[PDB]
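Student: give me a model of this one.
(chains A and B, ligands or ions: 2)
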Amino acid sequence: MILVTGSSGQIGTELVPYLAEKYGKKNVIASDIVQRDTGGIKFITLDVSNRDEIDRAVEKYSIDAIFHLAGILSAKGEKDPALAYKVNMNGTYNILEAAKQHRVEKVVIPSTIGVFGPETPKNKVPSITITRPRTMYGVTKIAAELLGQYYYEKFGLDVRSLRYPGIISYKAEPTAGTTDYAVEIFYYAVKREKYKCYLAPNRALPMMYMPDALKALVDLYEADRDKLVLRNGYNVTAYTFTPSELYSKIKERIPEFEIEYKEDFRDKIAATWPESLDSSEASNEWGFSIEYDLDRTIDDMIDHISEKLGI
Amino acid sequence: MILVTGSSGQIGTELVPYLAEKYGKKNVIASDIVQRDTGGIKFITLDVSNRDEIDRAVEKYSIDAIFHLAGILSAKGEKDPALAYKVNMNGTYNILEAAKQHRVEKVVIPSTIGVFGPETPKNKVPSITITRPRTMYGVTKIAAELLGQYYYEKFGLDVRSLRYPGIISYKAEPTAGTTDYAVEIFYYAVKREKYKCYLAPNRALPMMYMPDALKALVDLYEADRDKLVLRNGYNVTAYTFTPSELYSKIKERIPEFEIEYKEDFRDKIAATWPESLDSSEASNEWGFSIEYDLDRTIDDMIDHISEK
Ligand SMILES: NC(=O)c1ccc[n+]([C@@H]2O[C@H](COP(=O)([O-])OP(=O)(O)OC[C@H]3O[C@@H](n4cnc5c(N)ncnc54)[C@H](O)[C@@H]3O)[C@@H](O)[C@H]2O)c1
Ligand SMILES: NC(=O)c1ccc[n+]([C@@H]2O[C@H](COP(=O)([O-])OP(=O)(O)OC[C@H]3O[C@@H](n4cnc5c(N)ncnc54)[C@H](O)[C@@H]3O)[C@@H](O)[C@H]2O)c1
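Tutor: Numbers count the residues shown, from 1 in each chain, chains lettered A, B, ... in the order given. Ligands and ions are numbered 1, 2, ... in the order given. Below is the structure:
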């Protein structure tokens, strides 16, 4: 039995049916504080900041694995750091301790490039590097990785984690992160409208398409234990680009659309992060691989967003 | 008005009178969940894990600065990680939130070499380095440094911190800490008794004497917030030695001294930390300096422990 927390978000909306198709709708339990249609898959209300709720869910459903997605992202976290701390820090601790106290075999946590800071090298950064995040989100996430590793080394609890770069998708709309523009821009492109970008035109960041993000999280989940040396904090990425570069590439398909740059607080967050990641450890230790390069995700996004908007 | 949490500990026992001496007795307030003699200075019971208590104290005593010493150390943290997380993680968060809410203009947190892990270079480690701690204590402490820097960059709360190595002292009794062997060994030596050390004979670690530890904490506290760039995570040390090295030096003064090694979980903790630290940043930014080398610390300890 697999429990997914924070399943109503950008990733969860697709991870739940992804897990269901692979292991059976019957073996997956979706959960969040906000319910959304999960197409037949069981959904339960679960606030991760409430230890009692986690215990009850794990007990009732004899949970064997937890994909812990629940959390307040980078941007939203800066608007309410107290909320981010409660949900991300105490919530992750609750999940780890609950898993340990019960018979949960594995816990998989999606960390982020948000664990990096100004001192972190900007190009092809490895997994073991300087981690001095400057956002509440980042502090709770590096803490989660360390707590995760500690629960394995101390209690033998199989906790694994990877660091996601910006995730691009079309099924569920991102709203609380810093890399959200990479999705928003497609809507404006397909409608031939002028997109107002909140990141600087040359703000380079690592990114990846949802299909690969889902595959990576599940591949890490299924990875052989004997090769998991790093175990927590695996850098994962597909490509790096700036807003002006993505605009230009989309332009190659849709010439009648434009962009303007009006940077806000999110650009300041992005400035503290690295431009590209080295994902060699993930590939060497559990076979991480990318199937969608930039061109392929751009064309796939245009196709699906165009159908969604009735274009 | 300066508030000190965890004032009854090894550091607090000495920092309080140190503060009263420099800033006046009526300007210091001691606090802890366990009371000890404060030689007149006001003392109040305060559980840092209870946010409401912190708020009342800061409000009632018009606290302007906080030296946050309360916490669970490395060894005890491994014996009870849940307690370490509760008082260290939640406690420090409570202090920061309370400081941010009210009118607190300065908060000083004593971090530790415990924030380092196996990947951290072993020699002359600079402050900006790999920090992947493997103890619950270490996890809570690197989080403390990060939350601190965050509150400063986000809310302007003047939070500063330095990373203490093992601290040697005679005032307070040792508490079986990972580096407390450096204190216990003196009790046994002065009695000419064979000491049973729990760290490996060649387990090198950075250390420093209490007088310098106190001076460093206050020098950091008195620094002009404009001069501080690193601000949090300042590596600080006086010297590096191994148990066999300290034993040898002590034996030069007390030749009948004997020692045997029975390593335990604390040696495994120590093995994950660096051997020596580069403290250039502390010296360049707020003038960090050492006045007690290893010899003076050894002779001074022997003198005091003999007296009791
Ligand atoms: N999307 C990305 O580009 C990206 C990148 C790196 C890391 N991540 C990580 O992936 C996870 C989810 O990402 P996402 O993009 O789907 O986020 P999202 O903002 O789309 O969804 C987050 C979900 O968390 C839920 N939630 C908030 N508080 C909760 C609580 N107390 N209990 C249970 N649920 C709660 C929300 O209701 C929401 O459905 C997070 O841990 C995030 O840090 C995402
Ligand atoms: N002593 C060292 O060598 C050393 C080295 C590096 C960092 N530090 C840091 O210095 C600080 C204190 O060190 P120490 O050696 O004096 O520790 P200590 O163990 O001697 O004292 C800690 C104090 O914390 C108190 N305490 C525990 N829970 C509390 C709570 N909920 N509310 C208030 N007080 C509580 C204890 O009762 C105790 O008096 C800690 O933050 C520690 O991590 C110490």
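
Student: only C-alpha atoms from now on, for both contacts and neighbour counts.
Tutor: Noted.

Student: what sits up against the helix or strand containing residue A:281?
Tutor: Using DSSP states H and E, residue A:281 maps to helix A:280-286. Contact partners of helix A:280-286, identified using C-alpha atoms under 8 Å, 6 or more residues apart in numbering or on different chains, comprise A:127, A:219-220, A:223-224, A:227-230, A:234-236, A:288-289.

Student: immediately after it, which helix or strand?
Tutor: Downstream of helix A:280-286, the next assigned helix or strand under DSSP H and E is helix A:294-308.

Student: for that following helix, what is the distance to the chain centroid?
Tutor: Here the centre of helix A:294-308 is set off from its chain's centre by 20 Å, with C-alpha atoms, centre = their mean, to the nearest Å.

Student: could you list every helix and strand in contact with it?
Tutor: Contacts defined by 3 or more C-alpha pairs under 8 Å, 6 or more residues apart in numbering or on different chains; DSSP states H and E place helix A:294-308 against helix A:181-190.

Student: is the helix it packs on in proximity to ligand 1?
Tutor: No: using C-alpha under 6 Å from any ligand atom, helix A:181-190 stays clear of ligand 1, coming no nearer than 9.7 Å.

Student: just the CA coordinates of that helix, formatted as PDB?
Tutor: The C-alpha coordinates for helix A:181-190 follow below in PDB (Å, rounded to 0.1, in the frame of the first residue of the first chain):
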ATOM      1  CA  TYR A 181       6.700  30.900 -15.500                       C
ATOM      2  CA  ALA A 182       8.000  27.900 -17.500                       C
ATOM      3  CA  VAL A 183       4.400  26.700 -17.600                       C
ATOM      4  CA  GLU A 184       2.600  30.000 -17.700                       C
ATOM      5  CA  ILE A 185       4.400  31.200 -20.800                       C
ATOM      6  CA  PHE A 186       2.900  28.400 -22.900                       C
ATOM      7  CA  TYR A 187      -0.600  29.600 -22.200                       C
ATOM      8  CA  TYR A 188       0.200  33.000 -23.400                       C
ATOM      9  CA  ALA A 189       2.100  31.700 -26.400                       C
ATOM     10  CA  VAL A 190      -0.800  29.500 -27.600                       C
END
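
Student: what angle sits between that helix and helix A:294-308?
Tutor: Relative orientation of helix A:181-190 versus helix A:294-308 (axes from the mean of the first three to the mean of the last three C-alpha atoms, to 10 degrees): 60 degrees.

Student: strands along chain A, start to end?
Tutor: A:2-5, A:28-32, A:43-45, A:65-68, A:106-112, A:158-164, A:166-168, A:194-197, A:205-209, A:234-235, A:239-241, A:258-261 (DSSP state E).

Student: can I get the contacts of helix A:280-286 in CSV with neighbour count and distance to residue A:85?
Tutor: Putting the contacts of helix A:280-286 into CSV (neighbours: other C-alpha atoms under 10 Å in any protein chain shown; distance: C-alpha to C-alpha, whole Å) gives the following:
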residue, neighbour count, distance to residue A:85
A:127, 21, 24
A:219, 16, 29
A:220, 22, 26
A:223, 16, 30
A:224, 11, 33
A:227, 11, 33
A:228, 16, 29
A:229, 11, 29
A:230, 16, 26
A:234, 28, 23
A:235, 26, 23
A:236, 33, 24
A:288, 21, 30
A:289, 19, 32
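
Student: turn those residues into JSON lines, columns for distance to chain B.
Tutor: Shown next, in JSON lines, are the contacts of helix A:280-286 (distance: C-alpha to the nearest C-alpha, whole Å):
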{"residue": "A:127", "distance to chain B": "11"}
{"residue": "A:219", "distance to chain B": "24"}
{"residue": "A:220", "distance to chain B": "21"}
{"residue": "A:223", "distance to chain B": "23"}
{"residue": "A:224", "distance to chain B": "23"}
{"residue": "A:227", "distance to chain B": "18"}
{"residue": "A:228", "distance to chain B": "16"}
{"residue": "A:229", "distance to chain B": "13"}
{"residue": "A:230", "distance to chain B": "11"}
{"residue": "A:234", "distance to chain B": "13"}
{"residue": "A:235", "distance to chain B": "15"}
{"residue": "A:236", "distance to chain B": "19"}
{"residue": "A:288", "distance to chain B": "23"}
{"residue": "A:289", "distance to chain B": "26"}
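
Student: can you lay out those residues as CSV showing distance to residue A:149?
Tutor: What follows is those, written out as CSV (distance: C-alpha to C-alpha, whole Å):
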residue, distance to residue A:149
A:127, 14
A:219, 18
A:220, 15
A:223, 16
A:224, 17
A:227, 15
A:228, 12
A:229, 11
A:230, 9
A:234, 12
A:235, 15
A:236, 18
A:288, 20
A:289, 23
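
Student: farthest-separated two in those residues?
Tutor: Using C-alpha to C-alpha, the two most remote members of the contacts of helix A:280-286 are A:127 and A:224, lying 19.4 Å apart.

Student: follow-up on the earlier one: gap between the helix holding residue A:281 and the chain center?
Tutor: Chain-centre distance of helix A:280-286: 18 Å, with C-alpha atoms, centre = their mean.

Student: list the buried residues of it.
Tutor: A:280, A:281, A:282, A:285, A:286 (16 or more other C-alpha atoms under 10 Å in any protein chain shown).

Student: for those residues, which one is nearest residue A:82?
Tutor: Nearest to residue A:82 out of the buried residues of helix A:280-286 is residue A:282 (C-alpha to C-alpha; 32.4 Å).

Student: any idea how far that closest one is from ligand 2?
Tutor: Separation of residue A:282 from ligand 2 (C-alpha to the nearest ligand atom, to the nearest Å): 34 Å.

Student: and what of residue A:70?
Tutor: Distance, residue A:70 to ligand 2, by C-alpha to the nearest ligand atom: 29 Å.

Student: verify the stated contact: that residue with residue A:10.
Tutor: No: here residue A:70 does not reach residue A:10: they are 10.9 Å apart, not a contact under C-alpha atoms under 8 Å.

Student: which of those two has more neighbours?
Tutor: Between residue A:70 and residue A:10, residue A:70 has the larger neighbour count (other C-alpha atoms under 10 Å in any protein chain shown), namely 26 against 21.

Student: what's the nearest residue to that one if we skip its chain neighbours?
Tutor: residue A:6 (3.7 Å; C-alpha to C-alpha, 6 or more residues apart in numbering or on different chains).

Student: what's the neighbour count on the closest residue to ligand 1 within the stretch 201-311 of chain A?
Tutor: Closest residue of the stretch 201-311 of chain A to ligand 1, C-alpha to the nearest ligand atom: residue A:207 (7.9 Å). Using other C-alpha under 10 Å, residue A:207 is surrounded by 25 other residues.

Student: what is it paired to in the beta sheet?
Tutor: residue A:166, residue A:239 (DSSP bridges).

Student: next up, the contacts around residue A:257.
Tutor: A:188, A:189, A:191, A:192, A:193, A:194, A:251.

Student: make that residue A:103, sorry
Tutor: Taking C-alpha under 8 Å, 6+ apart as the test, what residue A:103 contacts is A:62, A:63, A:64.

Student: the nearest residue to the second one once chain neighbours are set aside and residue A:223, how far apart?
Tutor: Okay, so that is residue A:63. Distances taken as C-alpha to C-alpha, 6+ apart put residue A:1 closest to residue A:63, at 4.9 Å, once the chain neighbours are dropped. According to C-alpha to C-alpha, to the nearest Å, residue A:1 and residue A:223 sit 18 Å apart.

Student: cool, and residue A:234?
Tutor: Residue A:234 sits 13 Å away from residue A:223, going by C-alpha to C-alpha.
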